[PDB]
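The chain contents come next:
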Amino acid sequence: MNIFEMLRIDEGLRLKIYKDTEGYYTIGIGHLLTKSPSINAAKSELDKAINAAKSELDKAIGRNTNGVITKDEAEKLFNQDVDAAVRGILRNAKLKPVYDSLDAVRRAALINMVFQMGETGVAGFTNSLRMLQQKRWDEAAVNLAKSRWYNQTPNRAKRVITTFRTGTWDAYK
């Protein structure tokens, strides 16, 4: 198991533009496109958005696709995304250090968070981060759980948390 397989599981795979739990238009392996609008919107709106998401996609892939892509394409996007998450982490004054202190498995967990919630979002978990740095496994997990993230996506948060707590991939077995 590794980062790719890990997120592959947590994020799923889809070749058609769908929308995430947080009302975002996305595709492939969790590839964000555009903020979705509220249903209280009409054609003007909705279509405008579909439109926009669509453009984003085209732009990303470099071709006209009418909201649909291939596996190869997704996998490409995917890699790029993992890469990026891994750069935010290194570019971040708060993440870099936590990251460095962690074992390979746990590193993976951090990347996941980052990938799921952006470097900005993640750096926001100051207490949890510190705890991670002190290697206070269980405390962190408790801290981590007291979050929007957990409450919103519990199953996924669970796997991640456990991962941090055990330094193993059991949660993913």
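Residues numbered from 1 in each chain as written, not as in the entry; some residues may be left out. Heavy atoms only, no water.

Caption draft 1: Region of the structure containing the packing of helix α5 (residues 104–123) against helix α9 (residues 154–166). Between α5 and α9, whose axes approach to 8 Å, the crossing angle comes to 150°. It follows that α5 is roughly antiparallel to α9 by the angle criterion. Note that α5 runs across α9; the crossing there is left-handed. Residues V105, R106, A109, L110, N112, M113, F115 and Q116 of α5 form the contact with α9, whose participating residues are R156, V160, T163, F164, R165 and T166. Per-class residue counts for the contact of α5 with α9 are 7 nonpolar, 4 polar and 3 charged. (Axes fitted to C-alpha atoms, helices over the stretch in contact; angles between N-to-C directions. Helix = DSSP H or I, 4+ residues; strand = E, 2+ residues; numbered from the N terminus. Parallel < 35°, antiparallel > 145°, perpendicular 65-115°, else oblique. Left-handed = near helix turned anticlockwise from the far one by under 90°. Contact = heavy atoms within 4.5 Å. Nonpolar A, V, L, I, M, F, W, Y, C, P; charged D, E, K, R; others polar.)

Caption draft 2: Geometry of the packing of aromatic side chains. Under the counting rule described, the total for this entry stands at 4 aromatic pairs. With a centroid separation of 6.2 Å and 75° between ring planes, the pair formed by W169 and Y172 is classed as edge-to-face. Using a relative accessible area of 15% as the deciding quantity, one classes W169 as buried. Among the aromatic residues, ring-to-ring pairing joins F4, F78 and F115 into one connected group. Of note, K19 hangs over the ring of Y25, and the distance from its end group to the ring centre comes to 5.8 Å. The ring of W137 carries the charged tip of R106 above its face, separated from the ring centre by 3.6 Å. (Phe/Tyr/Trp six-rings, centres within 6.5 Å; stacked < 30°, edge-to-face > 60°. Buried < 20%, exposed > 50% of the residue type's maximum accessible area, 1.4 Å probe, protein only. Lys NZ or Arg CZ within 6 Å of the ring centre and 35° of its normal.)

Caption draft 3: Geometry of the pattern of salt bridges. Counting across every chain of the model gives 12 salt bridges. Taking the shortest distance from any N to any O, the salt bridge between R91 and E119 comes out at 3.4 Å. Separated by 28 residues along the polypeptide, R91 in helix α3 (residues 71–91) and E119 in helix α5 bring together distant segments of the chain. Salt-bridge contacts for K173 lead to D170; the nearest nitrogen and oxygen are separated by 3.7 Å. For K173, a relative accessible area of 78% translates into the label exposed. For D170, a relative accessible area of 47% puts it in the partly exposed group. (Salt bridge = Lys/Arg side-chain N within 4 Å of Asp/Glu carboxyl O.)

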